[PDB]
Ligand SMILES: Cc1ncc(COP(=O)(O)O)c(/C=N/[C@H](C(=O)O)C(C)(C)S)c1O
Ligand SMILES: Cc1ncc(COP(=O)(O)O)c(/C=N/[C@H](C(=O)O)C(C)(C)S)c1O
């Protein structure tokens, strides 16, 4: 895998910011898109037929995560919408008082609140697997937290703050043994490593196109055919209908049952081209590149005095940290001045922020186009920043 | 208003199809976008901050439809999502057995089925204002159909099939007199004429950005502040939260209560530029251009033997028709061969198709960049088509 060849593909990396080269370290929020993807979306904003392309893209998505059937690949507005859908069509119809839903402390808001509302409405109860010191889950902890009263476990595959890769294959086993389905938020895993939903045996899996070189506006919700068959739709209109009566309507078959309103043609075809691209590079190749960057970043961050890093040693390609004494918003500002783009904030993980005893953090995240030289620029600029602020 | 100057702004109109000039008559499905809008969206797919722009766009939308407050302008995924939201947060919480919801026979599926589900779930009843012969509603009919049991009236401002402009200001009065709110689907009105939600006194109003020179992926739901204040959110996650507890969360204030997940920054800023554009042309100017085209089209269509046109004389800028004997899909195919783009199908109006006793129709729709010369090309090609098929 050749980083020059790859970088040539992202016109945005040639952008100057304030006389410096863009150093783009916010992929966890949005990847950039290569020329192949860009050209594809340009094509679908001139004149067309289209649905060869649309269903073709569903097929590429299905093969990509190794789903058994296209009936199991639904296009949605985003991973937030995906998770809300499972909470409304699956959770609200399968929970009764006494039933438990268990999640983790590391979750995105969209993987917390929909379960909260589903539990309030059904009068069931919500439960949290506790975290280890280093921000990991242990299989012991899940084993203990899941009762044979647990109907749903929901978990991030990769944490967007800690970079922890959760043992989701094993958690699936533990959920099944207790009579539960597992719901996996794969927003942060799918861009960076092979996903095989059969081997993971997750019951639902959600991915975000804009994190994986595709357009925004488009997510995919995977669910097992059999679960999807019994779920009622969350949204109504457009093209999810078979017969519309005056009082009564019938739904289409899967997957179209779940796609109300106006098909996101360009977005899906775009996601498909993004998939074509990543596959031609190899996800394994990508993942090895990210392990190097992450080991490198964590080592060089240990050289810096009074910066805290959060999470485990083994990690996806991101590190969340704080400068002693300095506000993360301020760090982000100064790095911006130098053309270095990191994100500051709570990362829609308020619970987890409280758990780390912090109100905010900065985050640098890495993808297939980042390099060690960029990590050096980050470390040098963090140094320059610690000095610059101990001096006011 | 100068049509050459306007047409110069849409690069897509210079596109050749099969050695002919594009004749684009499917604006009711998607408008095209001018250079100003295109450049704007290009800008937000290079490197950025952003939220000056986002909230700025909400303000431009508010001034555009003359809402009292930004608290009343919610960004959504589309008019389908908008209508589903009102059905779930408003309808399902305000209907009891005995309550009526009344709609029309001309509605889009997304303005039928969500009310069907809301009524099934609350055990209330759904009712239909009957149509006149010419596809119009009469105020008598609404007066008769609304009882002081009616809690919600829902109506298309402009029909996507018939081109009928519904008397929504008056219907608002009739709904209020009976103790009901009105919900208006303005997908087909907003691109073509001034909207003033204070004068119309609608309780909710929904518009689609991609019909009005803006990007797709973005709708606006207007609701009266006071109604919105009591509605509970439909979706949970992202940035609609104030405090996230372990069991219990608080929402942000309006409008952010209603925007779960990841803000559609580029889309909103794009819609704002589309608004800037239309406003610099003048919506009145646009609307007068469309009346000429529509009168012209209906007159030239009357010259054609054995084509049926549907709807009234007074109309928005669209005509839906059928060739005697010829399948609309086939018409669309032949016109495509000549570079003329019309849409064929049921237009997500299955009930209305059944009412007109047809399984499908063809539709030509007009916007600020269309001309009489294009209508001539359509009429000539429809003639060429009637001959071509009486001959097989
Ligand atoms: C784990 C996880 N799940 C869901 C989302 C939301 O994805 P989407 O915007 O497609 O709704 C995200 C998006 N994360 C952004 C980020 O971490 O940069 C966010 C903080 C905007 S949520 C996420 O990390
Ligand atoms: C009256 C009306 N209401 C809602 C919609 C759907 O708008 P949106 O795609 O933003 O969800 C539409 C979209 N109409 C297309 C059309 O008529 O071309 C459609 C048939 C795809 S729904 C519409 O006409």
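Protein chains in written order, with our numbering: chain A, 1 to 392; chain B, 393 to 784. A virtual CB, placed ideally from N, CA and C, is assigned to each residue, including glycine.
Query	Result
Counting Cβ pairs, one atom from each stretch, are 3 or more of them under 8 Å apart for the region 304 to 319 of chain A and the region 327 to 337 of chain A?	no
Using a Cβ-Cβ cutoff of less than 6 Å, which residues in the same chain neighbour residue 623 of chain B once the five nearest sequence positions on both sides are dropped?	481, 482
For residue 394 of chain B, is the classification buried or exposed, using 16 other Cβ atoms within 10 angstroms of its Cβ as the cut-off for buried?	exposed
When burial is assigned at 16 or more other CB atoms within 10 Å of the CB, is residue 694 of chain B buried or exposed?	exposed
To the nearest angstrom, report how far apart residue 780 of chain B and residue 406 of chain B are at their CA atoms.	28 Å
In three-state terms, what does DSSP make of residue 310 of chain A?	strand
With distances taken Cα to Cα, identify the nearest neighbour of residue 375 of chain A among A:287, A:298, A:242.	A:298
Closer than 6 Å by C-beta to residue 502 of chain B: which residues in its own chain qualify, once you throw out the five before and the five after it? Chain order, please.	472, 475
Whose C-alpha, out of B:404, B:696, B:575, B:408, is nearest the C-alpha of residue 477 of chain B?	B:575
Who are residue 643 of chain B's beta bridge partners in DSSP?	B:633
Please list, in chain order, the residues of the region 628 to 646 of chain B that have any C-beta partner in chain A closer than 9 Å.	628, 629, 630, 631, 632, 633, 635, 636, 637, 638, 639, 640, 641
Between the Cα of residue 698 of chain B and those of B:573, B:782, B:617, B:613, spot the shortest distance and give me the residue it belongs to.	B:782
Using DSSP's beta-bridge definition, name the partner residues of residue 735 of chain B.	B:755
Please state if the CB of residue 553 of chain B and the CB of residue 744 of chain B are separated by a distance shorter than 8 Å.	yes
Distance, Cα to Cα, residue 394 of chain A vs residue 130 of chain A?	For residue 394 of chain A there is no data in the structure shown, the boundaries of chain A being 1 and 392.
Span of the beta strand (DSSP E) holding residue 528 of chain B?	Here residue 528 of chain B belongs to no beta strand (DSSP E), and DSSP marks it neither H nor E.
Verify whether the separation of the beta carbon atoms of residue 756 of chain B and residue 710 of chain B is less than 8 Å.	yes
Between the region 454 to 462 of chain B and the region 578 to 594 of chain B, are three or more C-beta pairs nearer than 8 Å?	yes
Could you name the residues that DSSP lists as bridge partners for residue 100 of chain A?	A:125, A:150
Mapping DSSP to helix, strand and coil, what is residue 656 of chain B?	coil
I want to verify the contact list: residues of chain B whose CB lies under 8 Å from the CB of residue 83 of chain A, in sequence order.	629
Please say whether residue 610 of chain B and residue 656 of chain B have beta carbons closer to each other than 8 Å?	yes
Could you check whether the region 440 to 455 of chain B touches the region 547 to 563 of chain B, counting it as contact only if at least three pairs of C-beta atoms, one from each stretch, sit closer than 8 Å?	no
May I ask you to report which of helix, strand or coil DSSP gives residue 283 of chain A?	helix
In whole angstroms, give me the CA-to-CA distance for residue 443 of chain A and residue 715 of chain B.	Residue 443 of chain A lies beyond the stretch modelled for chain A, which goes from 1 to 392, so this question has no answer here.
Are the CB atoms of residue 223 of chain A and residue 243 of chain A within a distance shorter than 8 Å?	no
Could you check whether residue 145 of chain A and residue 102 of chain A sit closer than 8 Å to each other, using their CB atoms as the reference points?	yes
The region 184 to 216 of chain A: which residues have C-beta closer than 8 Å to a C-beta of chain B, in chain order?	216
Could you give the DSSP three-state label for residue 448 of chain B: helix, strand or coil?	helix
Comparing C-alpha positions only, which one of A:216, A:73, A:373 sits nearest to residue 266 of chain A?	A:216
Take the Cβ of residue 784 of chain B as the centre, count every other Cβ of all protein chains shown within 10 Å, and call the residue buried at 16 or more, exposed below.	exposed
Using C-beta distances below 7 Å, list every residue in its chain close to residue 410 of chain B, excluding the 5 sequence neighbours before and after it, in chain order.	729, 731
Listing by chain order, which chain A residues have their CB less than 7 Å from the CB of residue 501 of chain B?	237, 238, 241, 244
Might you give, ordered along the chain, the residues of its own chain that have their beta carbon closer than 6 Å to the beta carbon of residue 48 of chain A, omitting 5 neighbours on each side?	none
Are the beta-carbon atoms of residue 213 of chain A and residue 23 of chain A separated by less than 8 Å?	no
Which value, in whole angstroms, describes the spacing of the CA atoms of residue 532 of chain B and residue 261 of chain A?	32 Å
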